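Have a look at the structure below, then the notes.
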Amino acid sequence: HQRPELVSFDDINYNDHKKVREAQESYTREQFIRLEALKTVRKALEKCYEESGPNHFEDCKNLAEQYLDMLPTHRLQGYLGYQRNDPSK
Amino acid sequence: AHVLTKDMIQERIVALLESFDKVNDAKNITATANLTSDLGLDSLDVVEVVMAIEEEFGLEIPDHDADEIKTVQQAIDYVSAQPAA
Amino acid sequence: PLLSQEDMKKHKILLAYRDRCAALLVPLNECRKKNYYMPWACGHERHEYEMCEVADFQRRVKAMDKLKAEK
Amino acid sequence: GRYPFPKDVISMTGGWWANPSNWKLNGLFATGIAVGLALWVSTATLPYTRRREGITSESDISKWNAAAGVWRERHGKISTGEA
Amino acid sequence: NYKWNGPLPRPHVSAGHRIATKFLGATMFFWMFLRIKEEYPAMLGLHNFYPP
Amino acid sequence: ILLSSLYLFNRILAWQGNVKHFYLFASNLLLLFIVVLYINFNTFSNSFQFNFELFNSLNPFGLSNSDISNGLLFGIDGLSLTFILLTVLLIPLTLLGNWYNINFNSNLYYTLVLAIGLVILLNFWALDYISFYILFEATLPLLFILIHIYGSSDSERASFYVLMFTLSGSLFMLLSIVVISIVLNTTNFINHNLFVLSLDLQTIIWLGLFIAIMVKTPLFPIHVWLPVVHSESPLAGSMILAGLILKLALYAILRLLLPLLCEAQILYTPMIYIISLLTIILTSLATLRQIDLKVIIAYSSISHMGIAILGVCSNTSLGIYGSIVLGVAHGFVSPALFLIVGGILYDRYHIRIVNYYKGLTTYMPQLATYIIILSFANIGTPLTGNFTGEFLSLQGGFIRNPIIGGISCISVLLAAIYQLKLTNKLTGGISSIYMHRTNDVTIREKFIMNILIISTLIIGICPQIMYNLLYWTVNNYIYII
Amino acid sequence: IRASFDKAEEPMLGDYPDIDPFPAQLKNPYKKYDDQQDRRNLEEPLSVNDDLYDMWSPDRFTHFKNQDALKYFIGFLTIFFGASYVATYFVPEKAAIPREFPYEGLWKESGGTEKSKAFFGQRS
Ligand SMILES: CCCCCCCCCCCCCCCCCC(=O)OC[C@H](COP(=O)(O)OCCN)OC(=O)CCCCCCCCCCCCCCCCC
Numbered sequence: 004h005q006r007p008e009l010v011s012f013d014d015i016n017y018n019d020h021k022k023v024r025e026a027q028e029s030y031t032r033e034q035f036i037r038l039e040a041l042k043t044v045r046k047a048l049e050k051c052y053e054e055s056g057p058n059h060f061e062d063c064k065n066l067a068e069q070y071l072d073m074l075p076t077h078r079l080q081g082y083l084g085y086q087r088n089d090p091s092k
Numbered sequence: 047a048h049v050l051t052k053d054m055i056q057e058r059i060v061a062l063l064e065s066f067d068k069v070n071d072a073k074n075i076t077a078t079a080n081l082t083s084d085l086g087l088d089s090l091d092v093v094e095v096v097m098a099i100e101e102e103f104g105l106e107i108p109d110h111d112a113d114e115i116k117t118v119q120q121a122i123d124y125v126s127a128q129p130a131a
Numbered sequence: 006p007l008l009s010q011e012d013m014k015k016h017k018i019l020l021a022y023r024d025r026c027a028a029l030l031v032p033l034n035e036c037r038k039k040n041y042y043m044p045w046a047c048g049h050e051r052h053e054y055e056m057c058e059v060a061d062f063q064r065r066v067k068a069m070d071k072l073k074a075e076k
Numbered sequence: 004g005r006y007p008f009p010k011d012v013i014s015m016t017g018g019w020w021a022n023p024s025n026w027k028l029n030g031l032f033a034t035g036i037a038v039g040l041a042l043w044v045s046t047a048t049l050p051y052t053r054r055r056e057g058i059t060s061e062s063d064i065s066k067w068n069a070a071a072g073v074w075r076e077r078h079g080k081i082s083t084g085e086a
Numbered sequence: 007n008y009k010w011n012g013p014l015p016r017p018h019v020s021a022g023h024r025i026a027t028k029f030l031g032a033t034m035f036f037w038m039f040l041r042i043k044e045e046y047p048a049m050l051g052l053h054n055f056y057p058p
Numbered sequence: 006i007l008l009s010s011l012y013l014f015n016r017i018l019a020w021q022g023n024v025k026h027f028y029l030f031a032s033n034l035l036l037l038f039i040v041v042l043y044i045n046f047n048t049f050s051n052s053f054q055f056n057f058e059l060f061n062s063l064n065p066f067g068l069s070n071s072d073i074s075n076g077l078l079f080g081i082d083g084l085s086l087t088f089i090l091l092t093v094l095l096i097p098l099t100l101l102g103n104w105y106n107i108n109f110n111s112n113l114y115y116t117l118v119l120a121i122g123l124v125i126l127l128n129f130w131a132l133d134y135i136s137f138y139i140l141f142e143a144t145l146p147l148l149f150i151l152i153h154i155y156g157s158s159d160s161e162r163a164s165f166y167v168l169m170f171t172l173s174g175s176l177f178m179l180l181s182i183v184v185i186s187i188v189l190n191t192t193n194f195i196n197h198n199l200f201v202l203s204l205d206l207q208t209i210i211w212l213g214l215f216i217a218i219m220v221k222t223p224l225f226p227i228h229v230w231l232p233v234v235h236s237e238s239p240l241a242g243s244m245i246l247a248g249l250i251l252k253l254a255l256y257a258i259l260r261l262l263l264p265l266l267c268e269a270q271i272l273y274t275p276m277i278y279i280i281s282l283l284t285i286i287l288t289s290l291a292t293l294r295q296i297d298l299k300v301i302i303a304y305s306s307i308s309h310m311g312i313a314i315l316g317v318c319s320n321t322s323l324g325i326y327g328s329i330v331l332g333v334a335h336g337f338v339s340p341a342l343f344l345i346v347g348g349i350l351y352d353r354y355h356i357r358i359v360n361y362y363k364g365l366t367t368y369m370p371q372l373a374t375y376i377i378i379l380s381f382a383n384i385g386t387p388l389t390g391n392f393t394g395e396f397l398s399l400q401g402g403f404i405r406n407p408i409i410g411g412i413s414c415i416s417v418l419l420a421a422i423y424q425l426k427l428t429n430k431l432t433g434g435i436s437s438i439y440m441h442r443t444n445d446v447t448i449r450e451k452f453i454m455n456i457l458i459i460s461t462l463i464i465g466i467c468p469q470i471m472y473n474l475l476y477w478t479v480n481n482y483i484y485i486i
Numbered sequence: 025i026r027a028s029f030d031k032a033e034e035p036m037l038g039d040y041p042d043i044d045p046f047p048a049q050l051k052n053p054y055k056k057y058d059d060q061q062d063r064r065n066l067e068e069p070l071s072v073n074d075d076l077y078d079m080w081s082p083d084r085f086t087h088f089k090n091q092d093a094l095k096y097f098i099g100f101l102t103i104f105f106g107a108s109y110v111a112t113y114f115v116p117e118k119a120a121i122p123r124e125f126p127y128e129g130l131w132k133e134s135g136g137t138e139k140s141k142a143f144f145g146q147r148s
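Residue numbers (the authors' numbering), protein chains in the order written: chain d, 4 to 92; chain Q, 47 to 131; chain 8, 6 to 76; chain i, 4 to 86; chain e, 7 to 58; chain 4, 6 to 486; chain a, 25 to 148.
So, in structure tokens, the structure goes:
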């Protein structure tokens with residue numbers, strides 16, 4: 004199981020293409036990990052609902068709220084926005 | 047299923063005409079009798095008769111073919127010409 | 006007697022059935038589970054729940070009567 | 004009743020009043036294949052069958068809701084309508 | 007189809023069809039009688055739930 | 006090898022006299038070779054893999070092992086591998102679909118068809134703007150000759166359309182590529198997202214690229230050449246033009262436009278959505294009043310391309326995946342429909358007017374079943390790749406702009422209308438009086454149709470099976486801060 | 025010739041027969057035709073808009089004129105909806121109070137929170 008080292012756009016020189024490729028892949032892989040976390044929360048929520056029935060409103064409130072909170076922020080976003088823009092300036 | 051024969055058609059038409067009250071005579075109805083001449087049926091009466099024929103054999107006569115039948119044999123050959131009747 | 010919140014949750018009553026009378030609803034549904042919801046069974050439990058609902062509906066009609074009388 | 008039809012017209016459905024002379028033998032083959040297929044499907048899909056309720060324990064459900072509350076407190080998360 | 011423009015014969019209907027009609031109609035009428043007897047009060051509208 | 010294989014070609018030609026068996030064998034080997042490449046393709050890497058350079062100054066006739074790159078670059082990532090697989094699946098079928106109906110000067114015909122296929126396949130390998138543009142244009146003279154010599158009655162006008170319209174759009178693309186060349190002094194696709202031009206210059210370069218896209222896709226209102234060219238083309242021409250060549254435009258959007266002109270693309274997206282919605286609605290409605298079978302089938306492709314455009318410009322992963330899946334599924338199903346109308350019916354009756362056709366089910370039940378299946382596949386019945394592509398494209402479009410994508414959802418109905426209106430008349434009613442009974446579909450025709458239907462069904466049941474080549478791609482091009 | 029859209033094409037023909045169109049559905053089906061189902065004879069001229077008048081075109085209804093049918097359809101909807109709306113006014117009042125629920129309307133059981141009890145919470 005592979006665990007490539009994480010690289011940031013902010014550190015590298017855009018003329019070493021190996022570092023730029025690694026930074027792009029790092030960004031994409033981190034987004035996919037975030038998607039995995041969202042899927043974990045959603046699966047737990049489905050299990051809670053199916054075992055709670057009429058009292059899911061009480062027993063799954065935290066999971067429902069957290070899934071709805073993470074839905075807008077835990078999707079794929081690409082790397083081009085961050086590599087082509089410098090947030091400091 | 048059910049299949050009609052030329053003689054069945056003829057017998058039905060003959061009974062039909064026998065039932066009509068405007069006719070001259072019942073005994074004088076032939077296969078080649080003319081309704082206009084022999085039976086003395088009026089202009090509108092032969093229309094009533096064609097309508098009776100179509101109400102009896104369950105078919106639909108157009109205007110152009112209705113007015114063409116003048117004899118009983120003509121009626122029988124027309125009714126035997128039609129597959130669903 | 007009004008059921009405990011823990012009891013209401015434990016017997017997994019539907020929300021719209023969680024009233025002052027759900028205490029009778031619990032045995033009725035247990036019998037309707039034992040028998041296969043057949044119409045000839047559960048007569049006593051069914052009737053007891055119906056009578057509790059009679060009382061609740063009567064109290065509400067008297068409430069509406071009082072409200073009408075104010076106007 | 005019936006009527007003539009072109010004999011060269013070959014359809015997978017058999018065409019007109021298709022009643023092959025050897026249909027009972029062919030039906031025995033077809034029913035054997037049907038039984039084999041149904042039993043294979045019923046057995047192979049058995050491991051993917053489960054009941055809906057009583058598959059996760061109250062411990063897991065309660066602790067997962069607790070952890071989600073922990074997550075929502077680390078972030079600043081009020082509840083719906085809570086304003 | 008012997009007779010034309012004449013009175014028709016009594017239709018011939020299978021014994022089994024006559025028996026089945028008897029059973030169906032009898033069961034329907036009997037079931038309706040049973041239900042009317044058993045649910046007369048509630049089904050007609052009686053014992054008003056409002057306080058007197 | 007090349008010397009020996011040329012000798013083999015020469016001797017086969019001397020003895021058989023027909024080159025087509027050799028071409029079928031070469032294309033089948035090409036498909037097997039691409040499958041072997043896929044076996045050795047690394048999926049856990051967003052870098053181009055099977056790279057090579059041609060016409061370098063140090064080795065003009067060989068491969069470049071030099072420290073200076075001045076030739077033409079080639080290589081593949083997952084996105085290009087997808088379309089390459091589609092291309093090598095389609096080429097042998099376009100050879101086989103004309104196996105018996107080309108009789109005079111057939112060696113030239115098959116040479117043109119195979120050359121066009123090989124040029125498109127190389128186009129998907131191109132790794133820089135100039136190599137891409139060269140292979141993009143090189144198909145035009147081959148298509149001109151093929152349509153002019155082997156097309157139907159109106160094929161002169163058609164050859165001139167297929168040359169002139171595509172040249173017209175390509176020259177504005179050429180302006181854009183020249184501007185990129187002189188402003189950046191680089192032209193390759195490996196690092197072109199590292200160059201950030203000023204927003205104004207971006208806005209200008211985008212226009213040339215998008216005019217070329219508008220003619221090649223095609224989009225409203227510069228679409229009117231495609232029905233003519235499809236209608237008058239011989240069958241292999243139509244199959245290549247609908248299954249492969251139109252996909253080059255979608256590929257061009259992903260490869261040439263989005264990585265380089267990101268900010269300008271954001272600015273221009275509402276205009277794209279206007280154009281695509283016009284394409285979908287107006288061309289779908291215009292199809293309802295067509296009387297030529299091949300024209301109707303051709304008009305269908307334009308609306309599906311509009312849906313794909315809406316997906317690919319949605320700035321969402323789902324939209325881009327849907328656009329690619331839709332492209333592939335259309336590449337399966339549209340060549341099958343062209344095979345039915347311009348290969349099976351046209352070879353039996355030599356006419357394309359809709360009034361002549363009615364009630365084919367009586368003598369040709371198998372062809373009617375194929376027609377029904379391909380029609381419901383073409384209008385996006387689920388479990389077909391067409392449904393997956395359209396559904397994901399509409400999801401992305403709706404997210405990008407809820408009103409515009411929501412209105413775009415009417416395409417389901419509109420496509421159903423024109424397609425089922427055609428098939429209703431083709432299969433139902435009493436056998437036509439104007440035509441005599443012919444053979445039902447042959448073994449070769451059934452083989453081609455079966456290949457295409459199985460492909461669309463396999464990606465319709467499990468679209469996820471493409472993801473191992475595309476999961477980098479669905480993130481490589483979206484622009485979110 | 026008859027309809028506006030067939031008339032609009034009149035400048036668009038030069039040396040094509042200006043055919044007066046008749047809906048194939050309305051041709052009498054007891055005449056004999058080379059294609060009985062389509063009610064067409066061989067070499068019969070086609071109107072420029074023939075696709076809107078052949079047998080496969082949408083069905084045409086003769087009993088009422090289109091305008092009068094529009095009147096009837098709108099009128100039916102108008103009278104039904106207006107009558108229902110008006111009837112809403114002359115309505116009896118109910119006799120029992122809508123029911124209520126412990127715990128301030130079971131606001132906790134329907135999710136709900138102390139800080140947000142108006143969003144979720146019954147009539148109590
Ligand atoms: C007239 C139109 C304009 C013409 C301009 C362009 C003309 C190009 C002429 C076609 C020649 C290109 C195809 C042959 C080049 C590939 C040869 C090769 O060996 O590729 C090198 C690449 C890496 O190889 P290497 O670094 O040596 O390591 C090998 C380790 N075992 O090895 C690989 O990774 C394999 C690469 C496979 C590439 C697939 C090519 C598919 C098409 C091949 C024939 C196309 C013919 C087109 C003819 C019409 C003209 C366009």
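Note that beta-carbon positions come from the ideal geometry of N, C-alpha and C, so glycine has one too.
Contact of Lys14 (chain 8) with chain d is assigned, a C-beta pair being separated by under 8 Å. The beta carbon of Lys50 (chain d) sits closer than 8 Å to some beta carbon of chain i. The C-alpha of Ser281 (chain 4) is placed about 54 Å away from the C-alpha of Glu128 (chain a). About 7 Å separates the beta carbon of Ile250 (chain 4) from that of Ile125 (chain 4), a gap short enough to meet the 8 Å contact definition.
Between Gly213 (chain 4) and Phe165 (chain 4), the C-beta spacing is not below 8 Å. At least one heavy atom of ligand 1 sits closer than 7 Å to the Cβ of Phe57 (chain 4). In this structure, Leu68 (chain 4) lies near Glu58 (chain 4), with their beta-carbon atoms less than 8 Å apart. Contact of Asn16 (chain d) with chain 4 is not assigned, every C-beta pair being separated by 8 Å or more.
Secondary structure at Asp133 (chain 4): strand, using DSSP grouped into helix, strand and coil. Inclusion of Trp230 (chain 4) and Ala269 (chain 4) in the CB contact set at 8 Å is not warranted, their separation being larger than that value. If only uninterrupted alpha helix (DSSP H) runs of at least 4 residues are considered, those enclosed by the segment 95-161 of chain 4 are 111-130 and 134-155. In the DSSP assignment, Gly67 (chain 4) falls outside any alpha helix (DSSP H) and lies within the beta strand (DSSP E) extending over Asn64 to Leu68. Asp58 (chain a) and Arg64 (chain a) have their C-alpha atoms some 6 Å from each other. Per DSSP, reduced to three states, the secondary structure at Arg84 (chain a) is coil, with no helix or strand assignment.
At a cut-off of 8 Å between beta-carbon atoms, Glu56 (chain i) makes contact with chain d.
Taking the C-beta atoms as reference points, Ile464 (chain 4) is found no nearer than 8 Å to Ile458 (chain 4). Using beta-carbon distances, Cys267 (chain 4) counts as an interface residue toward chain d, with a partner under 8 Å. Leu78 (chain 4): member of the beta strand (DSSP E) spanning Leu77 to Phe79, first to last residue. In the DSSP secondary-structure assignment, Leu59 (chain 4) is bridged to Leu68 (chain 4) and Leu77 (chain 4). For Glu64 (chain Q), the enclosing alpha helix (DSSP H) has its first and last residue at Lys52 to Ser65.
The beta carbons of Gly327 (chain 4) and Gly401 (chain 4) sit closer together than 8 Å. The segment 25-39 of chain 8 makes contact with the segment 53-71 of chain 8, as at least three CB pairs between them are under 8 Å. Counting C-beta pairs with one atom in each stretch, the segment 131-139 of chain 4 and the segment 102-110 of chain 4 have fewer than three that are closer than 8 Å, which means they do not touch. Relative to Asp113 (chain Q), the option among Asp91 (chain Q), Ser126 (chain Q) and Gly104 (chain Q) whose CA is nearest is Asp91 (chain Q).
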